[PDB]
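Below is one structure; the comments refer to it alone.
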Amino acid sequence: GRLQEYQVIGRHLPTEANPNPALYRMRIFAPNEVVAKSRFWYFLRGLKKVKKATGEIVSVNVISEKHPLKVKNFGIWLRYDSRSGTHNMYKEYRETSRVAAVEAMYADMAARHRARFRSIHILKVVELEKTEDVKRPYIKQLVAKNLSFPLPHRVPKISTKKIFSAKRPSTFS
Amino acid sequence: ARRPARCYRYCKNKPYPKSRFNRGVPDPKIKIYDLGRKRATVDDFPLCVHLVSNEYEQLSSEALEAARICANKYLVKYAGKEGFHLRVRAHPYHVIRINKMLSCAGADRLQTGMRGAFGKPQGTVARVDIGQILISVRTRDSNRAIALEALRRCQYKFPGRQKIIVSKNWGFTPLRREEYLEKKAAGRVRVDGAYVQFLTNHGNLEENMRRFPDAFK
Amino acid sequence: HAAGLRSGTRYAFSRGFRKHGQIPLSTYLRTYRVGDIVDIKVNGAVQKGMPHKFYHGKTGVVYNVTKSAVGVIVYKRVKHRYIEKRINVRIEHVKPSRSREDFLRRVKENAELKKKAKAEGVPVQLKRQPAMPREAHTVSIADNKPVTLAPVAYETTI
Amino acid sequence: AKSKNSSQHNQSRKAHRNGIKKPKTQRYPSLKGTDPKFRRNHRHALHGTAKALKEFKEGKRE
RNA sequence: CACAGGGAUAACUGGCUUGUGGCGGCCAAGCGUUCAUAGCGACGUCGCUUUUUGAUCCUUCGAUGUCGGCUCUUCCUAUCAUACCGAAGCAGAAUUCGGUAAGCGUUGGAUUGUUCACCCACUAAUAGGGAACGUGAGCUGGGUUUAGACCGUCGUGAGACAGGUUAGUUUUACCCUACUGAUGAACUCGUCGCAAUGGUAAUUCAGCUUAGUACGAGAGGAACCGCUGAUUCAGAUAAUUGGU
RNA sequence: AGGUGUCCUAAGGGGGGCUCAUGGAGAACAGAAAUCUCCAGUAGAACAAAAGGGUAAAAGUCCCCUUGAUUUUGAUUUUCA
RNA sequence: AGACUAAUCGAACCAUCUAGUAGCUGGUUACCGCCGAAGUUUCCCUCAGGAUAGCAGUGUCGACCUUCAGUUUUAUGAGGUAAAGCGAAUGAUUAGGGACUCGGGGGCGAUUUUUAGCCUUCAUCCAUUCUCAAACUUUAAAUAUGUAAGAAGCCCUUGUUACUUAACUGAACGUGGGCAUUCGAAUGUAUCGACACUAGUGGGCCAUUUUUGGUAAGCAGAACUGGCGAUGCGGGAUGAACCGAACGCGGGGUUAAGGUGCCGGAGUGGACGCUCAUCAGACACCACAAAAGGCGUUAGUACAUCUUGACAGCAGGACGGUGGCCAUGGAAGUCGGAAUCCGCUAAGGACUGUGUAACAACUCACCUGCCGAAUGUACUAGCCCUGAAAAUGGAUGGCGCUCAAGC
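Chains as they are written, first to last, in the authors' numbering: chain LS, 2 to 174; chain LI, 2 to 218; chain LT, 3 to 160; chain Lb, 2 to 63.
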């Protein structure tokens, strides 16, 4: 959907035997903070022996892009579930912000591999600082020197209510 | 007899082993379970491969021997009689019944139809789960390709879907390859017949020293 | 299909593991009065005065006392109505119940705690209340810096 | 020919149709089943305590 | 032999299932002069069909006429023959495996009520099935399945036998639709024409020549064109011959 | 997968002393197996019968005395209206 | 011949008893209003039928009794299922090692053998190892289940008795007195208690989870709850049981399940991808398809090679010891048997083939010249294709649809 990145911090409920427990922080992509908390308890239940009934939420914040007007390359590590077994991939994207790459990745995996949102885990997202660390061949062509190309055969836009045109259109816009 | 295997594929009844309540079950088809040089030391064969199931189904006793023979022949021809050790780790203990409609209820009519339809023993089958190990092979490191091909050839005799996994342990021991190597250097491993035993430092001091002379320096 | 007096009691009436043999002798030194709250628990060793298997686990009220047995009143649920049942049980099977001890403890404390306040002159708020939602507080991160977590990649164990 | 053997499909709903009625508890339970030896003496005890309390108007004044 | 009822319950069709019956795949130990796959395939394993037989009892007991043959139309392809092709442990001849293909054919007799089967003879070939196990107001009535009678085994007896044998009534269309043909109101009565849509048709063999040629040590032994006839089917006609 | 139309003057009641199945080492005839002796032994033995539960100074085993397997009627539990 | 006895015969015809009996078929006559079921328990020569309890209606009385509850919280009891276990008892089961000979079998040093000699094959014992149990177990859930939460309560003092105690020591029932300023968890109370009389019903069926016999079934049999029967309305084209939602007569507004190219009320609406099928595909219950394959296309995992320049293509070379030791009418790399070193270099092997009576010639291997950035092998899963054969003409509902009107 339309996502944005959060940070959420949790803690085990303090007890007389263990005052001042440890603090854990995660980065979660979610449409809103109501489901942002829900994903935090899901990932934590697989790493430590803490539940929601015996825990609490300390703080939830919103992380915004530092430079949302600069073009940069991204790389994503992820795992998912197929119809038989689990797998690991690593894909790359080109855009202006961190949030949209997760949006683009979710739509891409749903089409090419029929993978739903229920069965995808995001491990790490990192912005590629240099130009020699681009691996996949569908992105080197987008960073070639002096890129330029025409746009042949583009259909003109005509109002959907104006039927019965009076002359033949042209496709040389 | 020997109805097609399609008719007894799904685990649909509680386990029905042979006991003092059912009598006269036929003798199962598979007898031998270990083949090859089944007395080599642990240090000789450090590579292990498995054939792991991926469905919750039933495997017939007849199919188990067919796969054992097929894999044994390929390994002997290309790796030698003394270059491997093969073990089958699935034992059939479940008895499947049959209702002989024409043998029991034909010619002389007696009683026909569904009246009194409890059947008689007909064979033995094995129950498997998801992720259960079926066949294991250990050999040298230079025979990795041969071991994989032999297992891939023998899955055509089984119904369903199976996978091939190369284990990260040392032989048949439940220890990581790196971990076992360093523990042996500490003297806490003693040789036995085709297996090993480990030091446990929770007994009287007298015979712990002779059994493990290199542990104490 | 048969229905005997002790049918289906293979595990209910049996003694536990490592508990066969002599009955602890403090059982016969207890005393009972009418109106007490007792609960039934059948002992396998004693073969006299055993109630039916339905009452194994129910709680009742004593209504009669005799030389070596007590009479208990329990309520049985037949379809669409309740019925009063009266049974005779040997003392090896009955046992005093802690069901009402919390109530008897609380009434005694309340009476004394109300008396002292009335002399002093302050409201008590004696009656209990359920758990309430937590209140606001502050947590410091001095020498308790949080650690970041992440999901782990797939790996084969066996 | 053959027919259904037994069922319990609609019995629970039928019972709750107009409540599961619990008999009312009451102050003075009956003394049926109590051993007779204690029952005989208890009769004599109550006979005396009525006469003594009746004499409270021209008598003991305890 | 009778009565009150039952599709709450059997014998026939139809419906779900496919164990048994039939048909088709996958893996490759081996057979195959030597060589797993020219042609086959053990131990195992995945499917399809409803012309076999079972299991079930949903629809009909104020009734759906229950075996076989005769006659006649149409459809399916898992292809016996015919057209054109791909493979071989295919020299020729003769054969075996597979593809596109249902346009066109698939017979005459001895015994049996038979379905099924088995022999003689012709032929390019004498392939397998469906349509309420097609088809009784279309026929026939040999079989089964009322009442007469005989034998064998069983029963003290009346009587029984999916054991053998002989004789035994087959009703109605003029109604609606469907089909094959024939007239026909309205815009004056006529003559000469165009063609939307529906139907559609041909089939196989032999003789002469090619040639005792190609091929082969020999034994054996083809084909294209060309010429002339014949089998099954279809539409007309009556000069001659035959029937009435 | 099995059982019942029975059996008991004790195989019912009270009391007392003792501890079983099995294994190890020993002794003329004596051996795998006959009788005697020592040590270990949680029930792995026994308790009329099918199976389940229960029992060790006993509910097993032997010994001593007996007929509560007797008289008059009520309340309560299981199948259940 | 069970034949004939007035169209009647395995017992004629006429009137009466007679309106003979039926647990079995068929029928049972005006309107409106309110409430509203059962196919289950026990007994019966009972199984197409009755009695009995249940569900239902009507008539009321006692108070408006402040009592109650298909519910939650708090305190405290019971259980042997799912899972788990067998280096823990009973039962089943695969494989080696150590210790033992007098337990059995076959040998050796003279099968000498009463030689605890040397061998060994089973058996035995001990420390380990691979798999199981509806009628096995040391342990042990979730869901459901019993009781209690006070005024009929708590405490003090002391009267009765034929019971009990050595004993006014106990036991029940009592008189008197003390304790609310707050009668001692939440929420609701659109429904409190008792009695009288009686109708219909006692053939049921379907679905989620659990589950028994059977190869399976629109097949037979059970547990908790929701439905049809007894019920319309909007969607699934159609369809007692599926999804939404339950109904007096009308007007305006807003939605649910499902839909917006036309039939058809409302988008040829927006964003990123995948697919070309001479059998495409098109929405749960639901009207079907598998094992095994593809150098069709897309995305991914691991290893190996490369600007010190590979992969493809073309072009140049392709040497000695030495015809090695052997074999021999003849074999010089190339019938055959057995080994595989060194010179020179960037590279050419006592060689992978062709070939000579035997040499030769020739090929391969290997290196070099040209070029300009990628290349090789093995695996995973998306759409598509092969596998894919039935009978009147035919059905994603129809027409039709290709940067879709498909996913």
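Every residue gets a Cβ at the ideal spot worked out from N, C-alpha and C, and that includes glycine.
Legend entry - Buried versus exposed call for residue 155(LI) [16 or more other C-beta atoms within 10 Å across all chains shown]: Classification for residue 155(LI): buried.
Inset, instruction - Give me the Cβ distance between residue 37(LT) and residue 17(LT), rounded to the nearest whole Å; I'm assuming they're in contact under 8 Å. - result: That pair is no contact at about 31 Å.
Inset, instruction - Pull out every residue of the stretch 70 to 86 of chain LT whose Cβ sits closer than 9 Å to any Cβ of chain Lb, in chain order. - result: Residues of the stretch 70 to 86 of chain LT with a C-beta atom less than 9 Å from some C-beta of chain Lb are 73, 75, 77, 79, 81, 82, 83, 84, 85 and 86, listed in chain order.
Inset, instruction - Within 10 angstroms of the Cβ of residue 6(LS), are there 16 or more other Cβ atoms? Answer buried if so, exposed if not. - result: Classification for residue 6(LS): buried.
Inset, instruction - Out of 93(LS), 110(LS), 60(LS) and 2(LS), point me to the one whose CA is closest to residue 132(LS)'s CA. - result: Nearest option by C-alpha distance: 93(LS).
Legend entry - Contacts of residue 144(LT) in chain LS (Cβ-Cβ under 7 Å): In chain LS, no part has a C-beta under 7 Å from the C-beta of residue 144(LT); the shortest such distance is about 10 Å.
Inset, instruction - For the stretch 51 to 76 of chain LI, enumerate the residues whose C-beta is nearer than 9 Å to any C-beta of chain LT, in chain order. - result: Of all residues in the stretch 51 to 76 of chain LI, 51 and 53 have a Cβ within less than 9 Å of some Cβ in chain LT.
Inset, instruction - Would you please verify whether the beta carbon of residue 156(LT) is less than 7 Å from any beta carbon of chain LS? - result: Yes, residue 156(LT) lies at the interface with chain LS (some Cβ there is under 7 Å from its Cβ).
Inset, instruction - Select from the stretch 6 to 25 of chain LS all residues with a C-beta closer than 8 Å to any C-beta belonging to chain LT, and list them in chain order. - result: Going along the stretch 6 to 25 of chain LS in chain order, one finds 10, 12, 21, 23, 24 and 25 with a Cβ nearer than 8 Å to chain LT.
Legend entry - residue 160(LT): contacting residues in chain LI (beta-carbon distance under 9 Å): Within 9 Å Cβ-Cβ: 51, 53, 132, 134, 166, 168, 169 and 170.
Legend entry - Extent of the continuous beta strand (DSSP E) run through residue 55(LI): That residue, residue 55(LI), is in no beta strand (DSSP E); it is neither H nor E in DSSP.
Inset, instruction - Please report the residue range of the alpha helix (DSSP H) in which residue 77(LI) lies. - result: 62 to 80 is the span of the alpha helix (DSSP H), which, as asked, contains residue 77(LI).
Inset, instruction - Using the Cα positions of residue 22(Lb) and residue 50(LT), report the straight-line distance between them to the nearest angstrom. - result: Taking the CA atoms as reference points, residue 22(Lb) sits about 35 Å from residue 50(LT).
Inset, instruction - Taking all protein chains shown into account, decide if residue 58(LI) is buried (16 or more other Cβ within 10 angstroms of its Cβ) or exposed. - result: That one is buried.
Inset, instruction - Can you tell me which of the three DSSP states residue 12(LT) falls into? - result: Secondary structure at residue 12(LT): coil, using DSSP grouped into helix, strand and coil.
Inset, instruction - Closer than 8 Å by C-beta to residue 87(LS): which residues in its own chain qualify, once you throw out the five before and the five after it? Chain order, please. - result: Same-chain partners within the cutoff: 80 and 81.
Legend entry - Buried versus exposed, by CB contacts within 10 Å (16 or more), residue 84(LI): When all chains shown are included, residue 84(LI) counts as buried.
Inset, instruction - Go through its chain and collect everything with a Cβ distance to residue 79(LI)'s Cβ below 7 Å, but skip five positions before and after it. - result: Residues 147 of the same chain have their beta carbon placed closer than 7 Å to that of residue 79(LI), with the five preceding and five following residues left out of the count.
Legend entry - Residue from 174(LS), 145(LS), 149(LS) and 165(LS) whose Cα sits closest to the Cα of residue 156(LS): The shortest C-alpha separation from residue 156(LS) is found at 174(LS).
Legend entry - Whole-angstrom C-beta distance between residue 125(LS) and residue 78(LS), which should lie under 8 Å: Contact flag correct, Cβ pair sits at about 5 Å.
Inset, instruction - Could you name the residues of chain LT that residue 24(Lb) contacts, counting a contact when the two beta carbons are closer than 9 Å? - result: Result: 77, 83, 84, 85 and 86.
Legend entry - Proximal residues, the stretch 136 to 167 of chain LS versus chain LT, C-beta separation under 7 Å: Under the 7 Å Cβ criterion, the stretch 136 to 167 of chain LS contributes no residue.
Inset, instruction - With DSSP collapsed to three states, give me the class of residue 87(LI). - result: Strand, per DSSP.
Inset, instruction - Could you pull the start and end residues of the alpha helix (DSSP H) that residue 143(LT) belongs to? - result: Here residue 143(LT) belongs to no alpha helix (DSSP H), and DSSP marks it neither H nor E.
Legend entry - Residue span of the alpha helix (DSSP H) that contains residue 1(LT), given as start and end: In the structure as shown, chain LT begins at 3 and stops at 160. Residue 1(LT) is therefore absent and cannot be evaluated.
Inset, instruction - Indicate whether the contact test is met: 3 or more Cβ pairs, each with one atom in the stretch 49 to 67 of chain LS and one in the stretch 2 to 21 of chain LS, closer than 8 Å. - result: Contact between the stretch 49 to 67 of chain LS and the stretch 2 to 21 of chain LS is present, with at least three C-beta pairs closer than 8 Å.
Inset, instruction - Out of 72(LI), 192(LI), 27(LI) and 17(LI), point me to the one whose CA is closest to residue 36(LI)'s CA. - result: Comparing Cα-Cα distances from residue 36(LI) to each of 72(LI), 192(LI), 27(LI) and 17(LI), the minimum goes to 72(LI).
Legend entry - Close Cβ partners of residue 198(LI) (< 7 Å) along its chain, the five nearest in sequence each way excluded: Closer than 7 Å at the Cβ level, and outside the excluded window around residue 198(LI), lie 191.
Inset, instruction - Could you tell me which of 98(LS), 4(LS) and 31(LS) sits nearest to residue 69(LS), measuring between CA atoms? - result: A check of alpha carbon separations from residue 69(LS) across 98(LS), 4(LS) and 31(LS) identifies 98(LS) as the nearest.
Legend entry - 7 Å Cβ cut-off: residues of chain LT touching residue 12(Lb): For residue 12(Lb), the C-beta contacts it makes with chain LT under 7 Å involve 81, in order along the chain.
Legend entry - residue 144(LI) classed as buried or exposed, judged by whether at least 16 other C-beta atoms fall within 10 angstroms: With 16 or more other Cβ atoms within 10 Å, it is buried.
Inset, instruction - Note down, one range per segment and in chain order, each alpha helix (DSSP H) of at least 4 residues found wholly within the stretch 78 to 145 of chain LS. - result: Taking only runs of at least 4 residues, the alpha helix (DSSP H) segments lying wholly in the stretch 78 to 145 of chain LS are 99 to 113 and 138 to 141.
Legend entry - Cβ-based burial, residue 86(LT) [other Cβ within 10 Å; buried from 16]: Exposed.
Inset, instruction - Please state if the CB of residue 46(LS) and the CB of residue 29(LS) are separated by a distance shorter than 7 Å. - result: No, the Cβ-Cβ distance between residue 29(LS) and residue 46(LS) is not below 7 Å.
Legend entry - the stretch 19 to 36 of chain LI contacting the stretch 86 to 106 of chain LI, beta-carbon criterion three pairs below 8 Å: Taking a cut-off of 8 Å for Cβ pairs, the stretch 19 to 36 of chain LI and the stretch 86 to 106 of chain LI touch, as three or more such pairs fall below it.
Legend entry - Residues, ordered as in the chain, of the stretch 93 to 112 of chain LT that lie near chain LS by beta-carbon distance below 8 Å: Under the 8 Å Cβ criterion, the stretch 93 to 112 of chain LT contributes no residue.
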